[PDB]
Number of protein chains: 2
Amino acid sequence: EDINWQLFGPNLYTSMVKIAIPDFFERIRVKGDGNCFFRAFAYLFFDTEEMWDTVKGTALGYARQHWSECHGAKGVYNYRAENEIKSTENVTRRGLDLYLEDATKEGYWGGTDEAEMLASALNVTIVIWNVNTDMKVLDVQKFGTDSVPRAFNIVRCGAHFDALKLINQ
Amino acid sequence: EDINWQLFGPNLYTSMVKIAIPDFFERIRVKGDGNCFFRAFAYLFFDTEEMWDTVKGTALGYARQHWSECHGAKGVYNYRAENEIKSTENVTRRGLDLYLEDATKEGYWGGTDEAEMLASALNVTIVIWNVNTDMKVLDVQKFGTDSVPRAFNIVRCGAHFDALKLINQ
């Protein structure tokens, strides 16, 4: 059960451990729309999918205030912000604006960039297990330093996220 | 036929188009060792998987010269360098050296970090189709701006990469 985690970015770890999810977790399906990541985390953290919007507001509020710590989102949007200016205080400002313009839309697909913001915003550990259709682990990453049993575990299959709860606990 | 690509990183696109690979591509199997990504790309690009080593050399030589454009790999190795140092420019030089120390080993598993390098180094588009074990697409990434029929298409099933050729051409 002891898993070796290697450092992969700020507050971010990966592992090579390969398991079948169903032998340790119960999977809880959430609604298949563009908010599934927010619903899955809201289900584990607040015990209901219906708080996805609070989860989403928490993530975006954290970005507004700690943009320099959203390495996933800023990696994409700060790069793209430099390439509108020629068309370092003020690029990263514009990158945050571009991110917020996308993320505030109703159609936005939450995912791994927002998992990083929630883990820091709430001081929790979020594990994202990427699986195939047979629920076999293709890879796993983890924002935060807690162990898998002390963490909120999410499963990704292609574009869709669901929640996982550990069986024995 | 027409896929809508979402920007996902610098020169990196994603899509949730869902297909069966055998309906559009013939798949060409390459040797199943840690060089299979290089072998898959060498098969499409140079018509032989035995130029995998030139492909690898292309990717790593590109990284030596363009480390700051190697967004996937530099995210990992620049962070590891800056935590080695605690125990903006000295960091990234160390990060590249850490990357090369892993990547130049014969046992290194090439993959998306090097797809990004090859796409920029050679000015081509590489498409990575992640499939489950029955070859149904889970999701797909594209390094570069060309369309699927003008790109080098690679299928990935867990850790293993093979080449894809489009049936129509």
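Just so we're on the same page: letters track the sequence lines, and every chain starts at 1.
The nearest pair of heavy atoms linking B/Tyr62 to B/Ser120 is OH-CB, 3.2 Å. Across all non-hydrogen atoms, the minimal contact from B/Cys70 to B/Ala63 is SG-CA, 3.8 Å. B/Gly158 approaches A/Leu138 most closely through the heavy-atom pair CA-CD2, 3.7 Å. Taking every heavy atom of both residues into account, B/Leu44 and B/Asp47 meet most closely at O-OD1, 4.0 Å.
Annotation for A/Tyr108: atom OH counts as buried by contact number, over 12 foreign heavy atoms lying within 6.0 Å. Remark: A/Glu84 CD is packed, more than 12 non-hydrogen atoms of other residues, nucleotides or ligands lying under 6.0 Å away. Counting heavy atoms of neighbouring residues, nucleotides and ligands inside a 6.0 Å radius, atom NZ of A/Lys18 exceeds 12 of them. Within 6.0 Å of atom CD in B/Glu1, 12 or fewer heavy atoms from other residues, nucleotides or ligands are found, so the atom counts as exposed in its surroundings. Other residues, nucleotides and ligands contribute at most 12 non-hydrogen atoms within 6.0 Å of the CD atom of A/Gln169. Other residues, nucleotides and ligands place no more than 12 heavy atoms under 6.0 Å from the CG atom of B/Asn123.
Sorted by first then second residue, the ring-ring contact (aromatic ring centres under 6.0 Å, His included) pairs that include residues 137-157 of chain A, not counting sequence neighbours, are A/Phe41-A/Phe152, A/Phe45-A/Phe152. For residues 117-141 of chain A, the set of pairs meeting the ring-ring contact (aromatic ring centres under 6.0 Å, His included) definition, not counting sequence neighbours, comprises A/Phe25-A/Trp129.
Checked against ring pair (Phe, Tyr, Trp, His ring centres under 6.0 Å), A/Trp67 has the following partners two or more places apart in sequence or in another chain: A/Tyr99. With sequence neighbours excluded, no residue forms a ring pair (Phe, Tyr, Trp, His ring centres under 6.0 Å) with A/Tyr13. With sequence neighbours left out, A/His71 forms a ring pair (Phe, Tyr, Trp, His ring centres under 6.0 Å) with no residue at all.
Remark: A/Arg80 fails to qualify as a cation-pi partner of A/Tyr77 under the 6.0 Å distance and 45° angle criteria applied to the six-membered ring.
A donor-acceptor contact under 3.5 angstrom links the side chains of B/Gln141 and B/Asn130, judged on distance only.
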Practice item. Take A/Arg93 and A/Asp97 through the test salt bridge (charged side-chain N to carboxylate O under 4.0 Å, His left out) and record every step on the way to the result. Key: CA-CA 7 Å; A/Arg93 165 72 273 216; A/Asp97 288 47; 2.3 Å; yes

Practice item. For side-chain contact (heavy atoms from CB on, under 4.5 Å), just list the numbers for A/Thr133 and B/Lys136, CA-CA rounded to whole Å, side-chain angles, deciding distance to a tenth of an Å, and then say yes or no. Key: CA-CA 9 Å; A/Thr133 294; B/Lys136 301 321 97 199; over 6 Å; no

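Atom OG1 of B/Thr92 sits about 8.5 Å away from atom NZ of B/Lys74, to the nearest 0.5 Å. A/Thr145 contributes atom OG1, which lies 10.5 Å from atom CZ of A/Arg150 (distance to the nearest 0.5 angstrom).
Considering only heavy atoms from C-beta on, B/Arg156 comes within 4.5 Å of B/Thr112 through its side chain. B/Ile85 places a side-chain heavy atom less than 4.5 Å from the side chain of B/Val91. A heavy-atom distance below 4.5 Å is found between the side chains of B/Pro22 and B/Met135. Side-chain contact check for A/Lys142 versus A/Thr125: some heavy-atom pair is nearer than 4.5 Å. Here the side chains of A/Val55 and A/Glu114 are not in contact, with every heavy-atom distance at 4.5 Å or above. In this structure, B/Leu12 and B/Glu116 have side chains that are not in contact, with every pair of non-hydrogen atoms separated by 4.5 Å or more. By the 4.5 Å heavy-atom criterion applied to side chains, B/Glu82 and B/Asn78 are not counted as neighbours. A 4.5 Å side-chain heavy-atom check between A/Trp52 and A/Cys36 finds every atom pair outside the cut-off.
The hydrophobic cluster containing A/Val155 does not contain A/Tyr43, counting ILVMFWY residues as joined when their side-chain heavy atoms lie under 4.5 angstrom apart, directly or transitively.
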Which donor-acceptor pairs under 3.5 Å do side chains of residues 160-167 of chain B form with protein atoms, sequence neighbours excluded?
residue  : atom : partner  : partner atom : Å
B/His160 : NE2  : B/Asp162 : OD1          : 2.8
B/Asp162 : OD1  : B/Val30  : N            : 2.9
B/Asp162 : OD2  : B/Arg27  : NH1          : 3.0

